[PDB]
């Protein structure tokens, strides 16, 4: 029917479905959404423009849109224990931009986690609007432990006097002490924003402490560990802040929201409020720990910080291949996607890096367990140690295909 009209597009979508089936996805930001989240996004709510907020719309015909957006807001509030939520940001970048716009002025100093240790692009990369508009100053982990050192972060905050401190990371494997971050913010009179995008599903699942009681404002993506549609979310307990956030999102940065994506956010948040989501989060944690253990045991690989207590970890591969870029290329030859990744105090260039980052959420959402996870990391050790032996990669490829065959994506 509708696909006969555009075979080039619809065939490419079948190819991507098959590609996702035959791939072992370890990119730590990826997940596998439910059928219901996809269907929500494919509905006729896309036809209706909803500029404004529930009960305060520009346009009539919005009573039902209002029920759907209210459901998203109420479920975010319930799941994360916050008194206000805004479900309109189109992305995590828009969510973060709305928060800077609400709490600080162009030119103010912001402290964020060093891009080599886990900081996101929107936490002050010079190539980001973040870096261009505000004065970002980065904090790092300790050189020797590779852990956050809250005394060192406090001593830097006293020198730099930020207006806003950002906590959260895309490559930190350990539990963040949000209460200490709020104590640091308090000691220098800064706001604390936490970007929980990478860990939000473990926060919902109960496996990572919540930032919501400690941060002035919490942002997140609805995708990644929370396993929702791609989009943003902002949370706060402060009603004056909530009103600034609302105006910064619309009409400050966006026009009307994507109400079909907001319906998919409502669906994903009810999935996360279900008891099975806690089990999901336990398996994320155990799968990641099983893979990190293979690299820990092995003499030629070091895990940054020695391990993980979340969904991901970094590995210094440089004793085995030249750089993380090479490691990423080799593993792509066996149907395993991950990303090269700077390690703390990274010596090589950003385009090479000394490391890979590995995450467990996608394989976990396909039903894989600890045994599979250990096996995948054993395959990665093999392929990297044998990168210039085409015979070997070929056999690992065939092994990988038996595994993917056994854990159907959908």
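Numbering follows the first chain given and starts at 1.
The mean C-alpha temperature factor is higher for 298 to 306 when 90 to 98 and 298 to 306 are set side by side.
Between 370 to 378 and 345 to 353, it is 345 to 353 that carries the larger average Cα temperature factor according to the deposited entry. Each of 174, 224, 123, 83 has a CA temperature factor in the record; the biggest one is found at 123. The entry assigns its greatest Cα B factor, within the set 74, 108, 183, 144, to 144. Ranked by Cα temperature factor within the chain, residue 119 sits in the highest third according to the deposited record. Sort the chain's modelled residues by C-alpha temperature factor and residue 257 lands in the middle third, per the entry. Annotation for residue 131: CA B-factor lies in the highest third of the chain's modelled residues.
Per-chain ranking of the deposited C-alpha B factor places residue 318 in the highest third. When all modelled residues of the chain are sorted by CA temperature factor, residue 270 is found within the middle third.
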